[PDB]
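Here's the structure, in structure tokens; my notes come after.
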Amino acid sequence: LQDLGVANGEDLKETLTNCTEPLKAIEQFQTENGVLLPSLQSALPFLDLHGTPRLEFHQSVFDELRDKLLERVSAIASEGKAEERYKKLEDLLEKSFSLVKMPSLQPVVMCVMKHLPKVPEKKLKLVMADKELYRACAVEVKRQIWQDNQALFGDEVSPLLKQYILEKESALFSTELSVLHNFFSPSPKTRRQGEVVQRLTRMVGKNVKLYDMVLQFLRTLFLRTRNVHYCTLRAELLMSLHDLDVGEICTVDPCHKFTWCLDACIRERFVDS
Amino acid sequence: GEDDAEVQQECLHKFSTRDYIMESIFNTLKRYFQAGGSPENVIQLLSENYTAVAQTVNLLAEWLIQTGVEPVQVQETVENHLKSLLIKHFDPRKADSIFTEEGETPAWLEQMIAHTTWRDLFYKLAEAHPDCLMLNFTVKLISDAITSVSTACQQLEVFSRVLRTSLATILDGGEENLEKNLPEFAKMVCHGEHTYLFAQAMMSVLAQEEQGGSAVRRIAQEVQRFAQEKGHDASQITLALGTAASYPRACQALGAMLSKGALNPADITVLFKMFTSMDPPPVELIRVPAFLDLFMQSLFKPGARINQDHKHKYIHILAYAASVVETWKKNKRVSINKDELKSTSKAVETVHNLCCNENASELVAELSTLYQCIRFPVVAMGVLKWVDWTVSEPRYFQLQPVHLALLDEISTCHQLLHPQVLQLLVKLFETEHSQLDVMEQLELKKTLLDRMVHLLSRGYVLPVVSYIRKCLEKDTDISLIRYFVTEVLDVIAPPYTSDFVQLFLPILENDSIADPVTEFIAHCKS
Numbered sequence: 005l006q007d008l009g010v011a012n013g014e015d016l017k018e019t020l021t022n023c024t025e026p027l028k029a030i031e032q033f034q035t036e037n038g039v040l041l042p043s044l045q046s047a048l049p050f051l052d053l054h055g056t057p058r059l060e061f062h063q064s065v066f067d068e069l070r071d072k073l074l075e076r077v078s079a080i081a082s083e084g085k086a087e088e089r090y091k092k093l094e095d096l097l098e099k100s101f102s103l104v105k106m107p108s109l110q111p112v113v114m115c116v117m118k119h120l121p122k123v124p125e126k127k128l129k130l131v132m133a134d135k136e137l138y139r140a141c142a143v144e145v146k147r148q149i150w151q152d153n154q155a156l157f158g159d160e161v162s163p164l165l166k167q168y169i170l171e172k173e174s175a176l177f178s179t180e181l182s183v184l185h186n187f188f189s190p191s192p193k194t195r196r197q198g199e200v201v202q203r204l205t206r207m208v209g210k211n212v213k214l215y216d217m218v219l220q221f222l223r224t225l226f227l228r229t230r231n232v233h234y235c236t237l238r239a240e241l242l243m244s245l246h247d248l249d250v251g252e253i254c255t256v257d258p259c260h261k262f263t264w265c266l267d268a269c270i271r272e273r274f275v276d277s
Numbered sequence: 037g038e039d040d041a042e043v044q045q046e047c048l049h050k051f052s053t054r055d056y057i058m059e061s062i063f064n065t066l067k068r069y070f071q072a073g074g075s076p077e078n079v080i081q082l083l084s085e086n087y088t089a090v091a092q093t094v095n096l097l098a099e100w101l102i103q104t105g106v107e108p109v110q111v112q113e114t115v116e117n118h119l120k121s122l123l124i125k126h127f128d129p130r131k132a133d134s135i136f137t138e139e140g141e142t143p144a145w146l147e148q149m150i151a152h153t154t155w156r157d158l159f160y161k162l163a164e165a166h167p168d169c170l171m172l173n174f175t176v177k178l179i180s181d182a188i189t190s191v192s193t194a195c196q197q198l199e200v201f202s203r204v205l206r207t208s209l210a211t212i213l214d215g216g217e218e219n220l221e222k223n224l225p226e227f228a229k230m231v232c233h234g235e236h237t238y239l240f241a242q243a244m245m246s247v248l249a250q251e252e253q254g255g256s257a258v259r260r261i262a263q264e265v266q267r268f269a270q271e272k273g274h275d276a277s278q279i280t281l282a283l284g285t286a287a288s289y290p291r292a293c294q295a296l297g298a299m300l301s302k303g304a305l306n307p308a309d310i311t312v313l314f315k316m317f318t319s320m321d322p323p324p325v326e327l328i329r330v331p332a333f334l335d336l337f338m339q340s341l342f343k344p345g346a347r348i349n350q351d352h353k354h355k356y357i358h359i360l361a362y363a364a365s366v367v368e369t370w371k372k373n374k375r376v377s378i379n380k381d382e383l384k385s386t387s388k389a390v391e392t393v394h395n396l397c398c399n400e401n404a405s406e407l408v409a410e411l412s413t414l415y416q417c418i419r420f421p422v423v424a425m426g427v428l429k430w431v432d433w434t435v436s437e438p439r440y441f442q443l444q449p450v451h452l453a454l455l456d457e458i459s460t461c462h463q464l465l466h467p468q469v470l471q472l473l474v475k476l477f478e479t480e481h482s483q484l485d486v487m488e489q490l491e492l493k494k495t496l497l498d499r500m501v502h503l504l505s506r507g508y509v510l511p512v513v514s515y516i517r518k519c520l521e522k524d525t526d527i528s529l530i531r532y533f534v535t536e537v538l539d540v541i542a543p544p545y546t547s548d549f550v551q552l553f554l555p556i557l558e559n560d561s562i563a573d574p575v576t577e578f579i580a581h582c583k584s
């Protein structure tokens with residue numbers, strides 16, 4: 005609260021501590037931290053008489069007004085002239101990041117960072133540093149840290165790639181034989197439906213730098229392991245980018261058409277004329 | 037035993053629950070502090086779960102105001118939420134308890150009434166509660182700033203004073219504002235038969251004045267109409283009030299017919315024999331509006347039950363009502379003109395024969413005799429009700449509409465039927481069919497607009513443009530108003546009186562084309 009010039013609980017207890025008139029101090033604190041409309045300062049006793057505390061209509065309007073604030077964050081991302089709308093969102097960011105620590109204004113700011121292509125990277129650094137922000141942060145916030153520095157990208161793709169090799173090893177070693185089915189029955193688009201490569205596509209989105217990052221890390225592990233799993237995961241990531249119709253990779257990558265052709269080849273398991 | 041072990045927990049439930057510090062917290066705190074125990078941890082329990090929802094609202098509301106969105110949207114949202122919570126959680130017993138602790142509500146009520154939404158809240162609260170003391174007091178006092191009908195007629199003095207004030211407003215209303223001034227009075231009169239009889243007698247005595255008592259008689263007949271709408275028979279009221287007592291046969295006959303709201307060949311035969319006798323009773327005695335509406339719905343709906351030996355009797359009595367001149371020589375009928383009777387009865391007969399036959405093209409065949417015969421006023425009304433009931437059928441415009453043409457003869461040739469014709473077409477201008485598409489609905493609407501512009505050309509200009517303004521502000526799309534202005538400025542000749550401009554031009558602000575619109579606006583602003 006002190007970040008924008010408002011008191012906190014310690015200031016309240018200071019206002020109560022060592023005071024000959026604590027009740028009037030409490031009333032003054034209540035006046036200073038109320039909702040500032042003139043109709044309320046008379047209605048607050050009246051609505052309090054009902055057995056409904058002031059905090060209750062505050063809770064109702066709290067839900068309503070933050071819903072509208074998130075709606076307007078999305079709007080100013082999509083509404084207004086470009087310089088004014090980005091100025092508004094960045095200013096509201098400066099206002100709001102003091103309360104991302106509080107449980108209210110995290111996802112609002114995460115949307116604001118979602119709708120700006122670039123930000124001062126202090127807040128992205130705090131997003132990665134804090135586990136709560138590392139969870140709740142919107143996709144493009146994570147994209148901006150990854151696009152600005154590869155540390156978190158490696159740190160999070162390493163367990164996902166470990167899990168992909170876990171799936172590959174477990175599936176290849178499974179002890180079922182039948183005339184009905186085998187483990188090579190699913191097509192590559194069938195295997196892309198697992199959340200590993202789809203979430204990797206979400207982590208990359210439509211960005212080419214993160215595409216180069218996944219390419220290099222799969223390159224490194226493919227060079228150390230001699231195993232076709234990372235190759236398959238590049239193919240799955242490219243065709244999952246195509247599943248989203250990601251034009252940022254599909255049209256520029258000379259490999260996209262050829263892998264799309266190979267997808268049908270693998271689906272029929274033949275290279276027809 | 038001591039209630040400490042229970043009442044202290046009752047108070048500690050409201051202490052240690054999530055978020056209650058801001059309240061009856063003082064009363065429960067006093068009960069606990071007088072009950073002893075641990076008062077130090079009570080304050081800690083109050084402030085422990087203080088989530089600071091209020092300062093969260095400060096941040097959120099000031100951020101919505103930062104966004105450039107209108108704060109009046111927030112005001113409306115908060116007012117709607119709190120008012121809906123009140124209405125859902127209003128308790129009439131606790132309203133009467135607020136009355137019990139003090140008769141006049143403290144200044145919170147007198148501060149809420151400044152807000153229009155809270156005044157409407159009190160209106161909806163108190164219009165349905167005719168015994169709750171707070172609610173009845175609030176509605177009555179706000180009337181002193188609806189007057190509740192239960193406290194309107196609780197005694198003579200209140201009813202009389204509100205009656206005479208409301209009637210003064212009705213008479214001040216001329217011929218338009220009565221629609222708002224008459225119901226508040228009429229529903230006040232239409233609650234009991236004693237308030238009713240007192241009112242009808244006062245208006246009867248007032249109607250004897252030749253300096254406008256005709257209007258008081260009109261308002262009394264309207265109140266009797268409304269009393270019928272509440273399902274109460276005021277037949278004997280009009281009998282014993284008027285000159286029915288001068289003729290017991292006409293009294294019982296007409297009174298039975300009015301009490302049923304329908305005709306019958308028996309009472310009709312009684313009146314026929316009376317007006318066939320050398321002493322016909324007064325023509326004013328039968329000249330009652332609802333009675334003549336019974337004549338219309340008998341002679342011009344499909345059906346009703348009818349005999350040919352009485353068909354002419356109904357027709358002849360209606361002709362006597364619509365034709366005969368009785369001159370009062372100090373309330374003495376001495377000259378009885380019955381010379382314009384037979385032609386009127388003949389026209390009524392022919393037109394009624396056409397109407398019950400359920401006519404379209406055959407109408408155009410005998411339209412010559414029709415426009416010859418609509419010159420009779422009562423015949424014009426009969427055709428008006430007939431074409432109303434035929435055209436008011438759902439989807440009567442998909443199959444022949450010649451019927452709308454006939455109003456042109458009526459309204460043009462009868463001035464006082466201008467209010468009916470527009471008050472017919474107001475329904476027809478709201479026609480909506482899924483079969484006949486919105487294109488055909490708009491064609492019919494534009495046709496009716498041409499009819500209404502013609503009716504405006506006959507001088508019925510104030511209510512036409514007032515209703516056009518109202519339905520534009522509502524329903525009527527801008528295309529219909531533009532076509533209205535097109536036809537108007539194509540037909541109306543200057544000069545244009547300001548009584549017409551004041552409603553026609555500030556609704557024409559929406560458009561500027563039909573150029574005649576520019577000429578009209580420039581002439582009427584200069």
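Line order of the protein sequences matches chains V and W.
Plus 4 on top of the position in the first sequence (first one is 1) and you've got PDB author numbering.
Under PDB author numbering, the residues of the second sequence are numbered 37 to 59, 61 to 182, 188 to 401, 404 to 444, 449 to 522, 524 to 563, 573 to 584, in order.
C-beta: ideal position from N, C-alpha, C; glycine also.
Helix, strand or coil at residue i according to DSSP, with G and I counted as helix
i, result
"residue 1 of chain V", "No statement about residue 1 of chain V is possible, as the shown extent of chain V runs from 5 to 277 and does not include it."
"W/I378", "strand"
"V/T56", "coil"
"W/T285", "helix"
"W/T386", "helix"
"W/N78", "helix"
"W/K125", "helix"
"V/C259", "coil"
"W/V427", "helix"
"W/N173", "helix"
"V/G158", "helix"
"V/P190", "coil"
"V/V65", "helix"
"W/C195", "coil"
"V/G13", "helix"
"V/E136", "helix"
"W/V408", "helix"
"W/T88", "coil"
"W/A361", "helix"
"V/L248", "coil"
Neighbourhood of residue i by C-beta distance below 6 Å, restricted to the same chain and skipping five residues each side
i, result
"W/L158", "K120"
"V/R228", "none"
"W/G345", "none"
"W/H358", "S387"
Span of the beta strand (DSSP E), counted from its first residue to its last, around residue i
i, result
"W/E368", "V367 to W370"
Close beta carbons around residue i, own chain, < 8 Å, minus the five adjacent residues each side
i, result
"W/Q270", "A276, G303 and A332"
"W/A287", "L281 and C293"
Residue i, enclosing alpha helix (DSSP H) - first and last residue
i, result
"W/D309", "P307 to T318"
"W/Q44", "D40 to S52"
"V/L128", "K126 to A133"
"W/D539", "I527 to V540"
"W/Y515", "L510 to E521"
"W/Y160", "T153 to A163"
"W/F333", "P331 to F342"
Residue i beta carbon near the ligand FAD (any heavy atom closer than 7 Å)
i, result
"W/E491", "Although the ligand FAD was asked about, the structure shown includes no ligands whatsoever."
Close-in-space but distant-in-sequence residues of the same chain around residue i (CB under 7 Å, 5 per side omitted)
i, result
"W/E116", "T154"
"residue 278 of chain V", "Nothing can be reported for residue 278 of chain V: it is not among the residues displayed for chain V, which extend from 5 to 277."
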